[PDB]
């Protein structure tokens, strides 16, 4: 039902995720690990016991009505998304919680910002997509602001973010502005303004329609 929440840690850190999903539930609580584009794997079952072949750095605990997954010392292969599953004895319903994505922490890195005017070929179709690229940055939090002849845009752009890079641990974001040929043809200055931790002040990249 919802996007996973986020937690950043370093190889060697201790991490304790605590389970929220339900009320009185049970005590049969399971935890799963899922990596992008792959199927979930079972780690802990009935709160505190390790499934076949799970490393001993994983443990599971219950206190009161709260269940915790703990990873005592993060290894590179532990960076993934975790889910607790609850089971209602009474209603026979299973419930998966929100999902916590443990990401790899590293040094701040300012995005490299590129803007792409639309291609003449796309204009001939009656639409123009203006792309703004934010390359290899960290942390994930970024702010893209479109400006068309100095008018601040909202609701006509879409953002997409890559999964944290397995090698350098950075992220990349694309922000695409979409207009009709006619609308695009009505204005001159197109700009995306980028705000980020690793930038001392906002970076703006622009072009003037049909004069490169």
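Positions refer to the first chain, counted from 1.
**Asked** With respect to the recorded C-alpha B factors, which stretch has the higher mean value, 42-50 or 22-30?
**Response** Per the PDB record, 22-30.
**Message:** By the recorded C-alpha temperature factor, relative to the other modelled residues in its chain, which third is residue 6 in?
**Reply:** Its C-alpha B-factor, which the entry lists for residue 6, ranks in the middle third among residues of this chain.
**Prompt:** Going by the entry, which third of its chain does the Cα temperature factor of residue 162 land in?
**Reply:** For residue 162, the deposited C-alpha B-factor lands in the middle third.
**Request:** Sorting the chain's modelled residues by C-alpha B-factor, tell me whether residue 124 ends up in the lowest, middle or highest third.
**Result:** Answer is highest: the recorded C-alpha B-factor places it there.
**Asked** Compared with the other modelled residues in the chain, in which third is the CA B-factor of residue 204?
**Response** Residue 204: CA B-factor falls in the middle third of its chain.
**Item:** Record-listed C-alpha B factor of residue 82: chain third
**Value:** Middle third by C-alpha B-factor.
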